[PDB]
$ cat coords-v6.pdb   # PDB, C-alpha atoms (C1' of nucleotides) and all ligand atoms
ATOM      1  CA  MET A   1      83.064 134.212 131.940
ATOM      2  CA  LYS A   2      80.263 133.900 129.394
ATOM      3  CA  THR A   3      77.560 131.307 130.001
ATOM      4  CA  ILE A   4      76.738 129.199 126.948
ATOM      5  CA  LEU A   5      72.990 129.836 127.185
ATOM      6  CA  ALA A   6      70.946 131.904 129.624
ATOM      7  CA  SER A   7      67.212 131.728 128.985
ATOM      8  CA  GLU A   8      64.019 132.909 130.634
ATOM      9  CA  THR A   9      60.490 132.133 129.463
ATOM     10  CA  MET A  10      57.062 133.484 130.349
ATOM     11  CA  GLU A  11      53.366 132.759 129.892
ATOM     12  CA  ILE A  12      51.030 134.488 127.444
ATOM     13  CA  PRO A  13      47.328 134.256 128.362
ATOM     14  CA  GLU A  14      44.490 133.714 125.933
ATOM     15  CA  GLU A  15      42.595 136.727 124.538
ATOM     16  CA  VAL A  16      46.073 138.279 124.096
ATOM     17  CA  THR A  17      47.942 137.827 120.813
ATOM     18  CA  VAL A  18      51.687 138.531 120.836
ATOM     19  CA  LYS A  19      53.617 139.073 117.610
ATOM     20  CA  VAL A  20      57.409 139.030 117.222
ATOM     21  CA  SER A  21      58.907 140.439 114.008
ATOM     22  CA  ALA A  22      62.693 140.834 114.299
ATOM     23  CA  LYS A  23      62.708 142.259 117.844
ATOM     24  CA  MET A  24      59.476 144.253 117.390
ATOM     25  CA  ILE A  25      56.861 143.022 119.873
ATOM     26  CA  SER A  26      53.194 143.838 119.304
ATOM     27  CA  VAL A  27      50.658 142.892 121.983
ATOM     28  CA  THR A  28      46.925 143.041 121.243
ATOM     29  CA  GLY A  29      44.087 142.591 123.710
ATOM     30  CA  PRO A  30      40.623 143.909 124.569
ATOM     31  CA  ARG A  31      41.983 147.348 125.489
ATOM     32  CA  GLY A  32      43.909 147.727 122.223
ATOM     33  CA  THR A  33      47.429 147.220 120.935
ATOM     34  CA  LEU A  34      50.828 148.045 122.428
ATOM     35  CA  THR A  35      54.211 147.957 120.710
ATOM     36  CA  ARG A  36      57.809 147.949 121.944
ATOM     37  CA  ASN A  37      60.979 148.067 119.866
ATOM     38  CA  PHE A  38      63.761 145.852 121.208
ATOM     39  CA  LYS A  39      66.328 146.102 118.400
ATOM     40  CA  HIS A  40      68.758 147.633 120.902
ATOM     41  CA  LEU A  41      68.726 144.347 122.812
ATOM     42  CA  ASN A  42      70.824 141.556 121.330
ATOM     43  CA  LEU A  43      68.721 138.486 122.187
ATOM     44  CA  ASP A  44      66.316 136.290 120.223
ATOM     45  CA  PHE A  45      62.586 136.069 120.948
ATOM     46  CA  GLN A  46      60.832 132.779 120.180
ATOM     47  CA  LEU A  47      57.144 132.091 120.789
ATOM     48  CA  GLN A  48      57.641 128.298 121.172
ATOM     49  CA  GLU A  49      53.923 127.574 121.670
ATOM     50  CA  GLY A  50      50.617 128.293 119.995
ATOM     51  CA  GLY A  51      51.364 131.874 120.962
ATOM     52  CA  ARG A  52      51.007 131.014 124.658
ATOM     53  CA  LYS A  53      54.688 131.215 125.671
ATOM     54  CA  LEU A  54      57.658 133.460 124.950
ATOM     55  CA  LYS A  55      61.275 132.416 125.483
ATOM     56  CA  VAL A  56      64.122 134.946 125.381
ATOM     57  CA  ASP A  57      67.718 133.765 125.545
ATOM     58  CA  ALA A  58      71.259 135.020 125.018
ATOM     59  CA  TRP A  59      74.194 132.959 123.754
ATOM     60  CA  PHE A  60      77.661 133.572 125.226
ATOM     61  CA  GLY A  61      76.488 136.498 127.327
ATOM     62  CA  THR A  62      78.214 138.336 130.145
ATOM     63  CA  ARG A  63      76.501 139.374 133.373
ATOM     64  CA  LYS A  64      75.338 142.653 131.816
ATOM     65  CA  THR A  65      73.638 140.933 128.874
ATOM     66  CA  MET A  66      71.715 138.465 131.044
ATOM     67  CA  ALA A  67      70.420 141.453 133.008
ATOM     68  CA  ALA A  68      68.562 142.478 129.843
ATOM     69  CA  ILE A  69      66.680 139.164 129.652
ATOM     70  CA  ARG A  70      64.631 139.832 132.786
ATOM     71  CA  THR A  71      64.308 143.468 131.704
ATOM     72  CA  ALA A  72      62.809 142.396 128.373
ATOM     73  CA  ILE A  73      60.446 139.890 130.014
ATOM     74  CA  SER A  74      59.109 142.500 132.430
ATOM     75  CA  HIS A  75      58.701 145.021 129.616
ATOM     76  CA  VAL A  76      56.689 142.507 127.576
ATOM     77  CA  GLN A  77      54.714 141.544 130.688
ATOM     78  CA  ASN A  78      53.915 145.247 131.061
ATOM     79  CA  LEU A  79      52.379 145.220 127.581
ATOM     80  CA  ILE A  80      50.183 142.249 128.532
ATOM     81  CA  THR A  81      48.756 143.789 131.703
ATOM     82  CA  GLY A  82      48.458 147.089 129.857
ATOM     83  CA  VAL A  83      46.090 145.607 127.263
ATOM     84  CA  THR A  84      44.196 143.306 129.651
ATOM     85  CA  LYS A  85      43.694 145.493 132.743
ATOM     86  CA  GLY A  86      45.286 148.872 131.987
ATOM     87  CA  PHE A  87      47.293 151.037 134.357
ATOM     88  CA  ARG A  88      46.183 153.668 136.860
ATOM     89  CA  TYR A  89      48.229 156.172 138.871
ATOM     90  CA  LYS A  90      46.671 158.177 141.710
ATOM     91  CA  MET A  91      48.232 161.508 142.682
ATOM     92  CA  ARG A  92      47.379 163.557 145.773
ATOM     93  CA  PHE A  93      47.258 167.312 146.339
ATOM     94  CA  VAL A  94      49.337 168.272 149.381
ATOM     95  CA  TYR A  95      49.136 171.866 150.585
TER      96      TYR A  95
ATOM     97  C1'   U B   1      88.885 256.421  99.237
ATOM     98  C1'   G B   2      87.797 265.410  99.318
ATOM     99  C1'   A B   3      82.490 264.795 101.681
ATOM    100  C1'   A B   4      77.657 261.982 101.683
ATOM    101  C1'   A B   5      76.137 257.165  99.977
ATOM    102  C1'   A B   6      78.946 252.795  99.085
ATOM    103  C1'   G B   7      82.833 250.048 100.394
ATOM    104  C1'   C B   8      87.765 248.152 101.559
ATOM    105  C1'   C B   9      92.298 247.007 105.032
ATOM    106  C1'   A B  10      93.427 245.098 110.360
ATOM    107  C1'   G B  11      95.672 236.969 107.445
ATOM    108  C1'   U B  12      88.253 235.496 110.459
ATOM    109  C1'   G B  13      89.135 243.505 113.109
ATOM    110  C1'   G B  14      85.289 242.726 116.959
ATOM    111  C1'   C B  15      80.314 241.836 118.767
ATOM    112  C1'   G B  16      74.825 240.029 118.022
ATOM    113  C1'   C B  17      71.729 236.852 115.628
ATOM    114  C1'   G B  18      72.425 233.256 112.087
ATOM    115  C1'   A B  19      69.733 229.086 107.921
ATOM    116  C1'   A B  20      72.219 224.819 105.550
ATOM    117  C1'   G B  21      75.216 220.794 106.483
ATOM    118  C1'   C B  22      77.496 218.088 110.226
ATOM    119  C1'   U B  23      76.537 216.510 115.018
ATOM    120  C1'   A B  24      75.221 214.979 121.295
ATOM    121  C1'   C B  25      72.643 209.597 126.307
ATOM    122  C1'   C B  26      73.302 217.169 125.618
ATOM    123  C1'   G B  27      68.546 214.995 121.031
ATOM    124  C1'   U B  28      65.418 210.872 118.960
ATOM    125  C1'   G B  29      64.294 205.675 117.307
ATOM    126  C1'   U B  30      65.183 200.265 117.218
ATOM    127  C1'   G B  31      67.813 195.771 119.119
ATOM    128  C1'   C B  32      65.184 188.652 117.530
ATOM    129  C1'   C B  33      61.673 182.853 117.098
ATOM    130  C1'   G B  34      63.716 176.853 117.350
ATOM    131  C1'   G B  35      66.527 172.306 118.536
ATOM    132  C1'   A B  36      70.047 169.717 121.481
ATOM    133  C1'   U B  37      71.761 169.182 126.018
ATOM    134  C1'   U B  38      75.115 170.540 131.450
ATOM    135  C1'   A B  39      74.212 170.449 136.484
ATOM    136  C1'   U B  40      70.361 168.361 138.870
ATOM    137  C1'   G B  41      65.660 166.076 139.684
ATOM    138  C1'   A B  42      62.826 161.991 137.688
ATOM    139  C1'   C B  43      60.211 157.371 134.590
ATOM    140  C1'   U B  44      60.466 152.341 133.514
ATOM    141  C1'   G B  45      63.814 148.625 134.826
ATOM    142  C1'   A B  46      67.171 144.238 135.620
ATOM    143  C1'   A B  47      71.580 142.823 137.687
ATOM    144  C1'   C B  48      70.485 140.859 143.181
ATOM    145  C1'   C B  49      63.202 143.195 147.172
ATOM    146  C1'   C B  50      65.444 147.741 145.817
ATOM    147  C1'   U B  51      67.694 150.863 142.449
ATOM    148  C1'   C B  52      67.631 157.846 137.645
ATOM    149  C1'   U B  53      71.534 153.011 134.618
ATOM    150  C1'   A B  54      73.065 148.069 132.865
ATOM    151  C1'   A B  55      69.789 148.308 128.172
ATOM    152  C1'   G B  56      65.659 152.032 127.180
ATOM    153  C1'   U B  57      63.275 157.055 128.261
ATOM    154  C1'   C B  58      61.684 162.410 130.498
ATOM    155  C1'   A B  59      62.257 167.449 132.235
ATOM    156  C1'   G B  60      66.060 170.835 132.159
ATOM    157  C1'   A B  61      70.036 176.535 132.032
ATOM    158  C1'   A B  62      73.112 184.068 131.663
ATOM    159  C1'   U B  63      75.190 177.080 127.916
ATOM    160  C1'   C B  64      75.862 175.205 122.862
ATOM    161  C1'   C B  65      74.161 174.759 117.712
ATOM    162  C1'   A B  66      70.667 176.922 114.585
ATOM    163  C1'   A B  67      67.603 180.833 112.962
ATOM    164  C1'   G B  68      67.996 186.190 112.379
ATOM    165  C1'   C B  69      71.838 190.150 111.370
ATOM    166  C1'   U B  70      77.079 191.566 108.573
ATOM    167  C1'   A B  71      80.327 189.973 104.574
ATOM    168  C1'   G B  72      80.446 186.736 100.702
ATOM    169  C1'   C B  73      87.065 187.541  94.716
ATOM    170  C1'   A B  74      83.708 180.578  97.641
ATOM    171  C1'   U B  75      89.762 181.951  91.744
ATOM    172  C1'   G B  76      81.654 178.243  93.720
ATOM    173  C1'   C B  77      76.778 178.044  91.222
ATOM    174  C1'   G B  78      71.317 179.087  88.999
ATOM    175  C1'   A B  79      67.719 181.715  85.775
TER     176        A B  79
HETATM  177  K     K C 101      72.146 223.867 112.924
HETATM  178 MG    MG C 102      80.990 255.338 105.522
HETATM  179 MG    MG C 103      96.344 248.576 101.713
HETATM  180 MG    MG C 104      91.713 240.980 115.834
HETATM  181 MG    MG C 105      71.993 208.338 121.788
HETATM  182 MG    MG C 106      62.782 152.656 140.153
HETATM  183 MG    MG C 107      71.783 162.686 133.591
HETATM  184 MG    MG C 108      64.553 167.384 126.614
END

$ encode --input "coords-v6.pdb" --output "structure tokens"
Amino acid sequence: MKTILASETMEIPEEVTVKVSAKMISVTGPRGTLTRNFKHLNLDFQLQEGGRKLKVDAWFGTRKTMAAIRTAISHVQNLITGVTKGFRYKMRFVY
RNA sequence: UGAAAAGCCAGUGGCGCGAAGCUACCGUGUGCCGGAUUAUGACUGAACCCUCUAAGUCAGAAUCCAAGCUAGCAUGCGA
């Protein structure tokens, strides 16, 4: 069965400006800008604050669609920590 | 064929060598660049910490499609 409304929201810290333009998310911080297209997802992204929140919800979704809500949140969270702290992977030489 | 010289007949008289042309892995020369992917291994990532999968991505082949090569009266078309 389809739930009427499944929603998940998240915080957006200051010094980071998030822009939503028809499922295109741009995140800008000290380290630069990051962009993710989400037009493949079928949800709606609403800032619902002074740019300090972001709520993503699906209407009449099945269990597969609501799985995308947490996926989208974590992807957008990745853009925030990418432009505030960056990412670093350490590889080791084994021989 | 009177001899000699010069030939001719024996359906190519026979033998030796024989250019030209044709021709032999029996001789010589040449034979090919990009994209998408299979299998599989991975990235990120929920569902539900994890997870190559659900959404979204990567690498990938004597493979496929191109390119190249042959034709092109395709009742096609340009200058
Ligand atoms: K010859
Ligand atoms: Mg004589
Ligand atoms: Mg006679
Ligand atoms: Mg004889
Ligand atoms: Mg040969
Ligand atoms: Mg994983
Ligand atoms: Mg696969
Ligand atoms: Mg590839």

$ resolve_selection --input "coords-v6.pdb" --expression "the PyMOL selection byres (((not hetatm)) within 12 of (chain C and resi 108))" --output "MDAnalysis selection string"
chainID B and resid 35:37 57:61

$ residues_near_ligand --input "coords-v6.pdb" --ligand "ligand K 101 (chain C)" --cutoff "8 Å" --atoms "all atoms listed in the file" --output "PDB file with C-alpha atoms (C1' of nucleotides), keeping the file's coordinate frame"
ATOM      1  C1'   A B  19      69.733 229.086 107.921  1.00  0.00           C
ATOM      2  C1'   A B  20      72.219 224.819 105.550  1.00  0.00           C
ATOM      3  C1'   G B  21      75.216 220.794 106.483  1.00  0.00           C
TER       4        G B  21
END

$ residues_around --input "coords-v6.pdb" --residues "residue A:61" --least-positions-apart "4" --cutoff "12 Å" --atoms "all atoms listed in the file" --output "mmCIF file with C-alpha atoms, in the coordinates of the input"
data_model
loop_
_atom_site.group_PDB
_atom_site.id
_atom_site.type_symbol
_atom_site.label_atom_id
_atom_site.label_comp_id
_atom_site.auth_asym_id
_atom_site.auth_seq_id
_atom_site.Cartn_x
_atom_site.Cartn_y
_atom_site.Cartn_z
ATOM 1 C CA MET A 1 83.064 134.212 131.940
ATOM 2 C CA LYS A 2 80.263 133.900 129.394
ATOM 3 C CA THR A 3 77.560 131.307 130.001
ATOM 4 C CA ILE A 4 76.738 129.199 126.948
ATOM 5 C CA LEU A 5 72.990 129.836 127.185
ATOM 6 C CA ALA A 6 70.946 131.904 129.624
ATOM 7 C CA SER A 7 67.212 131.728 128.985
ATOM 8 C CA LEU A 41 68.726 144.347 122.812
ATOM 9 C CA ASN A 42 70.824 141.556 121.330
ATOM 10 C CA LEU A 43 68.721 138.486 122.187
ATOM 11 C CA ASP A 57 67.718 133.765 125.545
ATOM 12 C CA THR A 65 73.638 140.933 128.874
ATOM 13 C CA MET A 66 71.715 138.465 131.044
ATOM 14 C CA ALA A 67 70.420 141.453 133.008
ATOM 15 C CA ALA A 68 68.562 142.478 129.843
ATOM 16 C CA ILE A 69 66.680 139.164 129.652
#

$ interface_residues --input "coords-v6.pdb" --of "chain A" --to "chain B" --cutoff "6 Å" --atoms "only C-alpha atoms (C1' of nucleotides)" --output "number ranges by chain"
A: 64, 67, 70-71

$ closest_residue --input "coords-v6.pdb" --among "B:51, B:63, B:25, B:2" --to "residue B:39" --atoms "only C-alpha atoms (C1' of nucleotides)"
B:63

$ closest_atom_pairs --input "coords-v6.pdb" --of "chain B" --to "ligand MG 105 (chain C)" --cutoff "12 Å" --atoms "only C-alpha atoms (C1' of nucleotides) and all ligand atoms" --output "tab-separated table"
residue	atom	partner	partner_atom	distance
B:23	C1'	C:MG105	MG	11.5
B:24	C1'	C:MG105	MG	7.4
B:25	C1'	C:MG105	MG	4.7
B:26	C1'	C:MG105	MG	9.7
B:27	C1'	C:MG105	MG	7.5
B:28	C1'	C:MG105	MG	7.6
B:29	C1'	C:MG105	MG	9.3
B:30	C1'	C:MG105	MG	11.5

$ write_last_selection --input "coords-v6.pdb" --atoms "C-alpha atoms (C1' of nucleotides)" --output "PDB file, in the coordinates of the input"
ATOM      1  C1'   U B  23      76.537 216.510 115.018  1.00  0.00           C
ATOM      2  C1'   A B  24      75.221 214.979 121.295  1.00  0.00           C
ATOM      3  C1'   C B  25      72.643 209.597 126.307  1.00  0.00           C
ATOM      4  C1'   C B  26      73.302 217.169 125.618  1.00  0.00           C
ATOM      5  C1'   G B  27      68.546 214.995 121.031  1.00  0.00           C
ATOM      6  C1'   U B  28      65.418 210.872 118.960  1.00  0.00           C
ATOM      7  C1'   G B  29      64.294 205.675 117.307  1.00  0.00           C
ATOM      8  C1'   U B  30      65.183 200.265 117.218  1.00  0.00           C
TER       9        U B  30
END

$ resolve_selection --input "coords-v6.pdb" --expression "the PyMOL selection byres (((not hetatm)) within 10 of (chain C and resi 103))" --output "list in words"
residues 8, 9 and 10 of chain B

$ resolve_selection --input "coords-v6.pdb" --expression "the PyMOL selection byres (((not hetatm)) within 9 of (chain C and resi 107))" --output "list in words"
residues 38, 39, 40 and 52 of chain B

$ write_last_selection --input "coords-v6.pdb" --atoms "C-alpha atoms (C1' of nucleotides)" --output "PDB file, in the coordinates of the input"
ATOM      1  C1'   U B  38      75.115 170.540 131.450  1.00  0.00           C
ATOM      2  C1'   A B  39      74.212 170.449 136.484  1.00  0.00           C
ATOM      3  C1'   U B  40      70.361 168.361 138.870  1.00  0.00           C
ATOM      4  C1'   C B  52      67.631 157.846 137.645  1.00  0.00           C
TER       5        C B  52
END
